[PDB]
Amino acid sequence: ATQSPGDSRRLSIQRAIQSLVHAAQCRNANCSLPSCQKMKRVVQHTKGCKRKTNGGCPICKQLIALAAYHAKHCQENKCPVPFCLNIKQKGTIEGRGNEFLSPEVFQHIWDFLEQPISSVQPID
Ligand SMILES: [Zn+2]
Ligand SMILES: [Zn+2]
Ligand SMILES: [Zn+2]
């Protein structure tokens, strides 16, 4: 067509989700992963994101895309991702939430996770 659907986006997204999902459910002494320990820092961002009540930070605003992308395939009793857990309890539209897209900035979050040299200074 003029534009193709986001099917291959899965190969790009699932790579970022392997770390996110695992780190969300990483609450155990037996849990020992490399990417996990790094991901924990990103989890602290939403943990203290008071800005959500004012709008939301770039990380938070961006992560929602992935929460919903995982929710179509994560439909369980106690979903690992804390954001998708809310999607399940609100799965009443099954359209608006699911249908989400973000620009190349989506990749920038995973870059600073390892190289904190930007402070994601929000702008207009
Ligand atoms: Zn872990
Ligand atoms: Zn935030
Ligand atoms: Zn889930």
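Miscellaneous remarks
- Put the Cα centre of the stretch 1-47 next to the Cα centre of the stretch 87-118 and the gap is 10 Å.
- With a simple spin-label model that places each label point 7 Å from the Cα along the Cα-to-Cβ direction, the separation between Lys40 and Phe100 comes to 2.5 nm.
- Neighbour counting of Cβ atoms within 10 Å sorts the residues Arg10, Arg96, fewest neighbours leading, into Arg96, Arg10.
- Residues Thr46, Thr53, arranged from fewest to most other Cβ atoms within 10 angstrom of their Cβ, appear as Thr53, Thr46.
- Residue exposure sequence - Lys50, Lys38 - by fewest surrounding Cβ within 10 Å: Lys50, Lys38
- With the convex hull drawn over the C-alpha atoms of the stretch 51-124, the volume per residue is 122 Å³.
- Within the shell defined by Cβ-Cβ distances under 12 Å, the residues around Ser19 carry a net charge of +3, with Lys and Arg each +1 and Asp and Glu each -1.
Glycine also receives a Cβ, built like all others from the backbone with ideal geometry; neighbour counts cover every protein chain displayed. Read the figures in this text as sums done on the coordinates, not as results from a lab.
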